[PDB]
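Data first, discussion second: the structure below is written as structure tokens.
Chain naming here is simple, since letters A, B, ... match the order of the sequence lines and numbering starts at 1 in each. Both backbone and side-chain heavy atoms feed into the values below; hydrogens, waters and symmetry mates do not.
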Amino acid sequence: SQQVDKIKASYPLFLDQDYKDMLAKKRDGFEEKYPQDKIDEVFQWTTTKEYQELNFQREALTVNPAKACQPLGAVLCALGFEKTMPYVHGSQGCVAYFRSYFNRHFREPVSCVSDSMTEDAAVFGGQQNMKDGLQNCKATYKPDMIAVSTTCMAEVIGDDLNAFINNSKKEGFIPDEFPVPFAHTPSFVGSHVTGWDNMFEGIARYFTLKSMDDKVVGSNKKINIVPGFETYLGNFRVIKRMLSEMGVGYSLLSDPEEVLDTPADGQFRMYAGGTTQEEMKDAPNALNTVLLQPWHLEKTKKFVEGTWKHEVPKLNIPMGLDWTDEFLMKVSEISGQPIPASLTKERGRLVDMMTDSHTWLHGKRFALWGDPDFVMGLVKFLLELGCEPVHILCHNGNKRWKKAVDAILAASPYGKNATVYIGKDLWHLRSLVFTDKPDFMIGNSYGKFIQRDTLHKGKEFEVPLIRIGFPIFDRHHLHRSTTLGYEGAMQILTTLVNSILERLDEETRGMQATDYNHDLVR
Amino acid sequence: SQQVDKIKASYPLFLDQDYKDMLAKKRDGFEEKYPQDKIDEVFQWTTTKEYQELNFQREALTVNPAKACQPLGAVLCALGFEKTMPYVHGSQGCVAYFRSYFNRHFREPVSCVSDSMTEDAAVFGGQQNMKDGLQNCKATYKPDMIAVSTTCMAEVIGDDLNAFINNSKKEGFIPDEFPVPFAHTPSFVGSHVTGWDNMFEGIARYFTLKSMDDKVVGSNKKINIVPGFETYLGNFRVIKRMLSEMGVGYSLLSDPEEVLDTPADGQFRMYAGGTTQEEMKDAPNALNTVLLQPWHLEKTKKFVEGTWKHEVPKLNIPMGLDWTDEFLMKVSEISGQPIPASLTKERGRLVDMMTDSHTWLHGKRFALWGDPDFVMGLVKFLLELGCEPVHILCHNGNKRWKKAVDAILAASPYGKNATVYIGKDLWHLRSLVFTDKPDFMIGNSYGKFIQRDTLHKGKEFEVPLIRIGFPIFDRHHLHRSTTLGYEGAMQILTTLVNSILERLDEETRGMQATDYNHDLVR
Amino acid sequence: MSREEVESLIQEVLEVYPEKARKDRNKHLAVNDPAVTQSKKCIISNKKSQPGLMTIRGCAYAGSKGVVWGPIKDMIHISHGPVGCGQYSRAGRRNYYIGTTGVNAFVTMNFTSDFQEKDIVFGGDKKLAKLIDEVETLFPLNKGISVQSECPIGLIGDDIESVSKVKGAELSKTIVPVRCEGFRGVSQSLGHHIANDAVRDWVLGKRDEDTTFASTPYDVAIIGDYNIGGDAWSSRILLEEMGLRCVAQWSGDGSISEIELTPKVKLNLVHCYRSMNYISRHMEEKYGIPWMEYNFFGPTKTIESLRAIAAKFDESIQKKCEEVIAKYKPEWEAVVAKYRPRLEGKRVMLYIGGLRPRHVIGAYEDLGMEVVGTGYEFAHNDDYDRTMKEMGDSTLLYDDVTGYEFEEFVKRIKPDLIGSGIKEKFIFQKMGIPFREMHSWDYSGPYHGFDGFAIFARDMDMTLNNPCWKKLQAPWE
Amino acid sequence: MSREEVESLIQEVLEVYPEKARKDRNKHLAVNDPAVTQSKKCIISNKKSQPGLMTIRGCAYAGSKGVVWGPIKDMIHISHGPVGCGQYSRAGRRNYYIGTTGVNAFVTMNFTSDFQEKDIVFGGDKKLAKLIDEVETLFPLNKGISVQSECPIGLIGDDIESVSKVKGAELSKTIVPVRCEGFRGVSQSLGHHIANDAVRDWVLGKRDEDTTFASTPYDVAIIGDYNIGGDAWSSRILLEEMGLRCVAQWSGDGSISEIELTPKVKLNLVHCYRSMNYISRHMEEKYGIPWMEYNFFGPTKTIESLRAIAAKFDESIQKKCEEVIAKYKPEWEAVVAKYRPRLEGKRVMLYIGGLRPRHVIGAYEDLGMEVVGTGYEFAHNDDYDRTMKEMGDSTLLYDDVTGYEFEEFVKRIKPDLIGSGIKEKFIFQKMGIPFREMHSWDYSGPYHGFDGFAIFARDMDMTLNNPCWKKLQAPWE
Ligand code: ICS
Ligand code: ICS
Ligand SMILES: [Fe+3]
Ligand SMILES: [Fe+3]
């Protein structure tokens, strides 16, 4: 039943008595459900240390991973170039999924095409698919550039992208001068960030490898900035703003901020902004190249150091106070520009907020996950705030990154009770937050399920989730946030301290039970 | 008892069994507490419509007001001028309270002095207090200006500020050329915003009234901006940013943004930034003066239109889409500067967020309170979002403002169920949210208590609070937010939609009960 | 506009394509003529997508894992292959269910073999067997396992059927290998067919020799209702108010036991013909169970469907059907009275998957709304046969529409509302056109039944008549 | 710093004052010499503040409404006058209580007469009577009403005592008029005295002729503990583990009935001498109840206080005192072992109100910490007499310190930690000096007793040794 004045959606419509009775009849008659006491017993068992020991013995099963596949990152990288179409040679289902994923995170259009390789291409290859797809895409969507990645089908099949594109240009399907950079992005190697790295390396190689003779390092007086796989528009914007404040000439290679934030004014813009082909061609003339997320820009680093001859600085992700300071000092050294008074004031304001909130932040225990550079930046900032990272999970991390993060933890007394996990998924993290309960989780939207699980054990066992990372699907416009620099550090600090205070307010809201501590002033 | 490795503060230390037993013994032995059933019965009674009818019959008793007294606003206005000391002629307890209040909201130092009028001054005035206080303050804290307001004690005994200051200058306590603007700020008239208006009018009169002969309207090609009582640093910053984007020359009179956001770099800055005396002296030469919060800038408006001869535009507070548009168009007309492409893009991005979030925002019911201009701006923006303001409370509003807000509500189908209350306090609003329950409250930290009360009736009766306004004491760094312009509209929209989604996530977190609607994607 | 203007619009839109793509795409665009109801005459469907034209279609893995098998709650579904396919499809579809997630229900979890390079080179059968062992260890209350193949599985020569047979015999467990590799077929539709065949071959005949189920003459199964936002529940209640006993739900909130009990029902009520007609025809052939299509979108279609279903049973069911219709008449009449005045004459364009582009037309017409354009991602010719009579004259029909095509059609037609998926939503919102997600119900719903109709009308009104759509143009432009 | 350097620092700081202010302020700053005892020798206190020097002092309304009467939970306290005083003091002080707010407890609520111009011109007595009627109507479970006068009440000739008498007689209700106008006195201290006199005149003698209270020889009342962050509770438990019956708490979590029952106790345990010595002396004079000062800050002071209190009773109480001390020895010993190594030798400067600048010294010394400077907002000469022996040699003593004075003293002395109020916190945090709020316990606590000592040590360590203090200087400066 529905009251026309107060219409109920699924929640709480299915809480009505008739729906409850019908669902109970369904369960008792036909579902053959396990008895509720058995379900409770199994859940309690899954919360225990013995279950966690069985959980961490997994070798073949992955449950709730915290990573995606390479072509997603390749598509995101391709979206950062002017009038560029991401083109995933292979199966169309992959492109449908990539577009849906990015649409749900960014709440924006995401343009990407497939050449729709089918079962026949599984025997002959996707050469005909490539020729027809490049011709159709160029004719229909009129990109200035088509950036080609691969699905796992094309990688297993062994499709030679370079030969396919060369044959497409040789037979007149696309003009010989039309830019078609490509990268092999096998989904069974690495993760989405690896796909970003491969795609960027392919584009940079396409535009600079054959024209290095007239290049002179430092001739254009600029610094190249490679952001890597980045899903916060605020991070692109803050890097650009800080470099402009310093008066530092810069080239942000793969800048998707504009195309992911188009205005709603009555027209759809498929392309907007992005790194121009001229910027990529002139990139070897920069003073240096700075990699914002070095732990998934290794191939790009090898290319930039070996071909462009840029002495890429050893810089961590500019996350938190110390690493933002190091980034700014390195940029000042490279460009010769002093760090201006506005940036000094901004750093001082971040320190003021840290002193204002340290009493609430001190000693709080955090599980967290995400991409390697993001995770280590978050760990560093948490240590700077007197917080305790206890469970550090990076599904797509490696042994060397784990060694670096362990070195970071060792340098701080707040890292004593910290363990770094690589190759572990969110089921492992569920076990960890049940057996060694932190105060909060920091991660993407998938962590919400863990929160639900913990709440099922009990309210006192519930670990609230703080949504920082990728993807975020159940909140709106958080992709506009910043995590880099002093501005990103301030946003993260505010999020953490107010999450703590909101939890405390919830726990002290019980009238005449816990409301003696329901303080107006905190 | 305490475990050294896990030390409990008051919560949850007093939930321990021994503390519970001791508290029960105290209550049963000596408190002579009413029986719990009687307490529950009285609470249920206070939630009813009969109690609301008794509650709205109040004529002499005020319970939990949402307003402060004039000198608080006078102090905040004085804080926005360069090297200016707020000086409250009267009793020192008032200054202690003003400083504590602003310290808790801004988490920053707030400098203000009193002349410590005692019982003897209550018989023969505080002239000696004024002389010694002006001399001591100027000698000790070395301000370039001392801005004088009054406490209620000085107003009741009728201290003549003008005569006292003139006698102070006549007898050498302060130099004759030292600027000592003053305003009478009686706490029994109006509220804190009225004190802001009085103090600003006093300062503007002090610097411009006697030097109008050589003034020419529009001679300096600038627009005066009077912000009024403003407790979000983001609002000052966004007004300045938007005006700089347009290339519009402006003079932000009473700019306290710098002194309320000093960096923590090892030194204490008593003064920082602020409107210079030269800007205030040159203000009549502006093209026009724009009042950002016209409903508590009436005396300032009278002075500016009658003395400076500025044709002050009829503009609402630039809150939300339509009113920001009107503000920008008026500024463009006054200055001759076209609205730039960046501001058009920002407006389009706000519209895109509105379209992204409208399904979750549509039909949501809000009870809100705050200062008049802020409240009407919030009401306008909520109507633009398809939300339903239901209980609109402004303790310091008047009949004309209520008429304007009713006119705003009448122009929208979403204002059909809206009622505007003036002269009502937060006990009235507690009755309103119990008897006509909204989805959310929007207000300052005091609303937290209302939330507690509603939760005591039941979880399904709980009205969550959204902290927008002044003061905010139980969250950190929210004073850095923006509520004006497109940026402030985006921040408010994100806050509202994510509060809705957080409430929905809380309500659907029950495993096997409501988690069928615990969607990953929203 | 008239038919001639629509044909002209089709031709102008097509003129940008290269010759081969133009020739192909001309066969997938048509102007409806309900007098002639042949899909062998106007629109060609179920063909491969043209490369590089931004098709909205998914793959066979989405059709099988994401659509048919995923909703089955007490089963664990392994995304066999690399991490991507399982990750992007995790909890993206609102197939609602009741259960304790991670204990006895596993719908929103992502189980994957997470193929690495060595699994590609040396195969993944041993990894699959080890994975099944680990699943048994860590999720002992699962009532079965399915293995949904991703693209590499069928290209590296893996034999998941042998592993399924051996492990199922060893563990006394139903282990269903599904060869739903994304390169098979041309869309989600072949995924539907492969998943249906897997159900038929590995699950459906489990209780063929079992006769301990107490069956009644009013036994029905709901086939092809995936409980999107609770849709199936909103249907089921009506069927149980009519005196019928719904034994199975395929597959929204579906359990494996109730799938096994489906061959014992008297009638199969098929909502999604496209995804479940294969198993419906199989059950008709093998068990002699008749099946009928029904539509629970909007009051008119719901009343017609309820009467048609009750006509299959005795007079008591028909009397109960009349009682249900009488009980719900005031509610949906109040919904119509409230919302039709605000939606009368509004024009809608739809682009959805295999069923909804024609099924929801009745609800829109119940709200006084007119569907001027409709089309399918992956429907077959029979779906267009059914659509031709449901759609108005001179209305636009599109199959596997490209992004460019849909954008140009919307630019010319200028509908008041568009109903499509997440990949079109923000494009059309940026053009100032109200958009409703007709896959996920925009995280709202249900839309089935009368209770669903109330929500459907509220959602259509709140989006179409939102103030934001009047604010896209800046006042200074 | 030696004594000579402290005197020189005092003189250099005083140099900038005008002559009259310099002459006054010289009397309020001293270098401690514990070889002497008299405060008529070094520090002059309880004088009016110099105008325009940024005193930290409050007013008599703060001392009466905010300090003494406000914590009384079942009473309704009317801020009589304009809206400001009540609004700024609403829930600003963490005097913790148990009760149902708005029903039977009203501590965090702001009740005010909200004076307008007409109330100033024509008086507010009739408004006060109407207000009391409205309070009775809307809060029927209140057990009494107090009327705290704000500044205008005493200047316009309002007679709140007559209204209180008439309304109390008519409603059979205790209505207490408090003449705590902010212009009276020079600080919160006269507010304490006025509130104590109001208690004595209107509440304390209610049950003088009543003899129905069953009294035991172990009856005590905690006087002058306002339960800041639960402090009183953390004290009370120890007193009840020692075998004593705490009949009253003044006034943190205090009820009116337990105030009325105080004249029935055997011992008055006074924590805050400054605010409650008046009522303690009155109860000693009238009822013959002895009172003693005690200190529950830190383990050393707590153990000394517990033994001194038990020495007032029989041997059973002394045995229980030894049992409590033995029970709590490992806990605070573990606290010391954990936190003293990280706080040894750290130097602290304190500036608090009337009691805590000397009371918390023992806890700091229990943590190995040295108090090099201390001072009071509003203490009298007796408080400085008590402070001289609690403070180290050549340490700085300041009374009614100005903001300039305190900042200059901190600049020269360079303490490792400053403990003071909210109006100094951010000033000294911006100078890179760790700060602890010693009024509100920085929204932490309690700090009384052993359980409070654990929290006190944790808070001091977490603020003093926070990493942020090492990051104030940018690496490029
Ligand atoms: S199964 Fe099919 S695309 Fe019939 S694959 Fe698709 S939950 Fe659509 S039009 Mo998403 S043939 Fe269901 C469908 Fe219809 S996922 Fe849902 S909405 S009624
Ligand atoms: S009552 Fe006094 S100023 Fe003795 S007015 Fe003040 S809750 Fe202080 S040093 Mo705030 S004489 Fe209490 C005090 Fe001490 S408010 Fe508290 S901390 S022990
Ligand atoms: Fe600060
Ligand atoms: Fe958007």
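When atom types are taken as modelled, the side chain of A:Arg522 and the backbone of D:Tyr443 share no donor-acceptor pair closer than 3.5 angstrom. No side-chain donor-acceptor contact under 3.5 Å links B:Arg269 to the backbone of B:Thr262. With D:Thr374 contributing its side chain and D:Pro357 its backbone, the two residues share a donor-acceptor pair below 3.5 Å. Between the side chain of D:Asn26 and the backbone N or O of D:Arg22, no donor-acceptor pair lies under 3.5 Å. Using modelled atom types, no side-chain atom of D:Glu408 and backbone atom of D:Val13 make a donor-acceptor pair closer than 3.5 Å. Under a 3.5 Å cut-off, the side chain of B:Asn166 and the backbone N or O of B:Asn162 do form a donor-acceptor pair.
Between B:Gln293 and B:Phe229 the shortest heavy-atom distance is NE2-O, 2.7 Å. Closest approach of B:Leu134 and B:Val180 over heavy atoms only: CD2-CG1, 4.2 Å.
Of the candidates B:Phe106, B:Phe102, B:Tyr232, B:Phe470, B:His479 forms a ring pair (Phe, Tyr, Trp, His ring centres under 6.0 Å) with just one, namely B:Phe106. When each of D:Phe406, D:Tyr376, D:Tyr404 is paired with D:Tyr398, the ring pair (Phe, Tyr, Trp, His ring centres under 6.0 Å) condition holds for D:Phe406 and for no other.
A salt bridge is defined here as a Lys NZ or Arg NE, NH1 or NH2 lying under 4.0 Å from an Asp or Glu carboxylate O, and D:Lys48 with D:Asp24 fails to meet this definition. Ion pair D:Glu19/D:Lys23 not flagged as a salt bridge, since none of the NZ, NE, NH1 or NH2 atoms sits closer than 4.0 Å to an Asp/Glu carboxylate oxygen. Here A:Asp519 pairs with D:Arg94 in a salt bridge; the nearest charged N to carboxylate O distance falls below 4.0 Å. Under the 4.0 Å criterion applied to side-chain N and carboxylate O atoms, D:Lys425 and D:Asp442 are assigned as salt-bridge partners.
Residue pairs meeting the ring-ring contact (aromatic ring centres under 6.0 Å, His included) criterion with at least one partner in residues 149-172 of chain B, sequence neighbours excluded, are B:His89-B:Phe164. Sorted by first and then second residue, the side chain to side chain donor-acceptor pair (under 3.5 Å) pairs with a member in residues 135-145 of chain B form an empty list; sequence neighbours excluded.
With a 4.5 Å cut-off on side-chain heavy atoms, B:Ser187 and B:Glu155 do not count as touching. Using a 4.5 Å heavy-atom cutoff, the side chains of B:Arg99 and B:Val75 are not in contact. With a 4.5 Å cut-off on side-chain heavy atoms, D:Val401 and D:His28 do not count as touching. Between D:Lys430 and B:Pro263 there is no side-chain heavy-atom pair separated by less than 4.5 Å. In this structure, B:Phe81 and B:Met199 have side chains that are not in contact, with every pair of non-hydrogen atoms separated by 4.5 Å or more.
In this structure D:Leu190 satisfies the side chain to side chain contact (heavy atoms under 4.5 Å, CB included) test together with D:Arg184, D:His193, D:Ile194, sequence neighbours excluded. Take B:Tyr206 and apply the ring-ring contact (aromatic ring centres under 6.0 Å, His included) test, not counting sequence neighbours, and it matches no residue. Among residues two or more places apart in sequence or in another chain, the side chain to side chain contact (heavy atoms under 4.5 Å, CB included) test is passed with D:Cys151 by B:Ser91, B:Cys152, B:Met153, D:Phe183. Every residue two or more places apart in sequence or in another chain that forms a side chain to side chain contact (heavy atoms under 4.5 Å, CB included) with B:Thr194 is listed here: B:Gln70, B:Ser191, B:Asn198. Applying the side-chain hydrogen bond (donor to acceptor under 3.5 Å, both in side chains) criterion to B:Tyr101, with sequence neighbours excluded, gives B:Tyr446. Applying the ring-ring contact (aromatic ring centres under 6.0 Å, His included) rule to B:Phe200 yields the partners B:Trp196; only residues at least two apart in sequence or on another chain are considered. For D:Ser113, the side-chain hydrogen bond (donor to acceptor under 3.5 Å, both in side chains) test picks out D:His80, with sequence neighbours left out. Partners of D:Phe409 under the ring-ring contact (aromatic ring centres under 6.0 Å, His included) rule, at least two apart in sequence or in another chain, do not exist in this structure. Taking A:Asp356 as the reference, A:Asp352, B:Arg107, B:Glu108, B:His477, D:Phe426, D:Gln429 meet the side chain to side chain contact (heavy atoms under 4.5 Å, CB included) condition, with sequence neighbours excluded. In terms of the ring-ring contact (aromatic ring centres under 6.0 Å, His included) criterion, D:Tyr226 has no residue partners (sequence neighbours excluded).
Ring orientation note: the planes of D:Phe378 and D:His192 are nearly perpendicular, at an angle over 60° on the 30°/60° scale.
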> When you look at B:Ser116 and B:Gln92, which way does the side-chain hydrogen bond (donor to acceptor under 3.5 Å, both in side chains) test go after all the steps?
Replying inline: CA-CA 5 Å; B:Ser116 291; B:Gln92 50 178 37; 2.9 Å; yes

